[PDB]
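Heads up, the chain below is alone and in the form deposited in one PDB entry; it's given as structure tokens.
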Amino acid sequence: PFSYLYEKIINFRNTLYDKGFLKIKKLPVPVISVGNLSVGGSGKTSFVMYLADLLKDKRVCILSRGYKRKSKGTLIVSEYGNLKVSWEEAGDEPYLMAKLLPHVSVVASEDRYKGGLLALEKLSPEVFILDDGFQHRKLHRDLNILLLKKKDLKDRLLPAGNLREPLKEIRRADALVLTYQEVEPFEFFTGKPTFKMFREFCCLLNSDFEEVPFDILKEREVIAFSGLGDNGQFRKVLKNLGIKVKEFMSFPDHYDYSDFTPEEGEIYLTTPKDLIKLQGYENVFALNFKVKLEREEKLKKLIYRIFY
């Protein structure tokens, strides 16, 4: 215990940034930040991929921390779709983004500015997206996008609750994205430009990352599993879709699946984040989805202003 202190620290830190007492560094191309206020997952990766698709007319580089990765330095994970490292070296989320975005570069660094300077030197990108950037104040962003989910609104600061910062810090966002609307719909009004995000669960991937039809999940009970910030929303999605799940295994976030052995005759259903670690396993599939945003044309205008 407790708790009261973390908040002091975070508050102190934010005030220092608020008043020009800590350095904020600036990259010489536009930078969009995507981030959120809590631990446990908010659809940031998905929103990043959506953004990357909006931005397809530009050379895009994603700057990521690469959580849990086995490497140290600033690292180029992918150049314009050429994967330079294994998923274990990249961290599962940078690798997943690189893999699903064959037109985008991905760099992992603790210090995002440093990652960006390395990318500029080697990759020449026209825009950076920070994949988890909201708390990383020391890097200037031209558009600060905050993702919020319903749960956040009644949550509290770590380590009692899941908030990384108090809710008042919503003030720092240029735009809010209200996520997980297909599972926990909600409304937030703040006066800030606000966009609801929906995941449209439409697709099945085999372990070679090829689309396959659902006919396979028919009259089969599956064993489902994931290791996620929150496995609960995945198991809720499966129920809402009416997928017949006979057993659900809830693994730790970023689980490496070293212990995993499929049982003969069974069908396994999992997420793409998990499937990157199980490539080529037969009879392991992932549920995939499209990301859809309200008022996209409004969002696009907001996004393109940064280039002017």
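Numbering starts at 1 and runs along the sequence shown.
(request) Tell me which of 202 to 210 and 133 to 141 has the higher mean C-alpha B-factor in the deposited entry. (result) Comparing 202 to 210 with 133 to 141, the higher mean C-alpha B-factor belongs to 202 to 210.
(message) Quick check: 42 to 50 versus 244 to 252, which has the larger average CA B-factor in the record?
(response) Averaged over C-alpha atoms, the B-factors run higher in 244 to 252.
(request) Check the PDB entry and point out which of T179, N162, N82, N231 has the largest C-alpha temperature factor. (result) It is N82.
(request) Tell me, please, which of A175, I170, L157, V183 has the highest C-alpha B factor according to the deposited entry? (result) Result of the comparison over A175, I170, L157, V183: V183.
(request) Relative to the other modelled residues of the same chain, rank the CA B-factor of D274 and answer lowest, middle or highest third. (result) It falls in the bottom third of the chain.
(message) How does the C-alpha B factor of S109 compare with the rest of the chain: lowest, middle or highest third?
(response) As the PDB entry reports it, the C-alpha B-factor of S109 lands in the middle third of its chain.
(message) Using only modelled residues of the chain, where does the Cα B factor of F128 rank: lowest third, middle third or highest third?
(response) It falls in the bottom third of the chain.
(request) Using the B-factors in the PDB entry, rank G35's C-alpha atom against the chain and give the third, lowest, middle or highest. (result) CA B-factor rank for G35: lowest third.
(request) Could you say whether, by C-alpha temperature factor, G91 belongs to the lowest, middle or highest third of its chain? (result) Its C-alpha B-factor belongs to the middle third of this chain's values.
Only in words, not in the display: the form deposited in another entry, which the text now covers.
(request) Pick out which of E247, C202, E219, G242 lies at the hinge where one rigid part swings against the other between the shown form and the other one. (result) Where the C-alphas swap which rigid part they fit better, we find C202.
(request) Work out the direction of the Cα-Cα change for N206 and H103 in that other deposited form: closer or farther than in this form? It's 3 angstroms or more. (result) Closer in that other deposited form, by 3 Å or more.
(message) At a change of 3 Å or more, would you call the C-alpha separation of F209 and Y80 in that other deposited form closer or farther than in the form supplied?
(response) Distance between the C-alphas of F209 and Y80: shorter in that other deposited form, by 3 Å or more.
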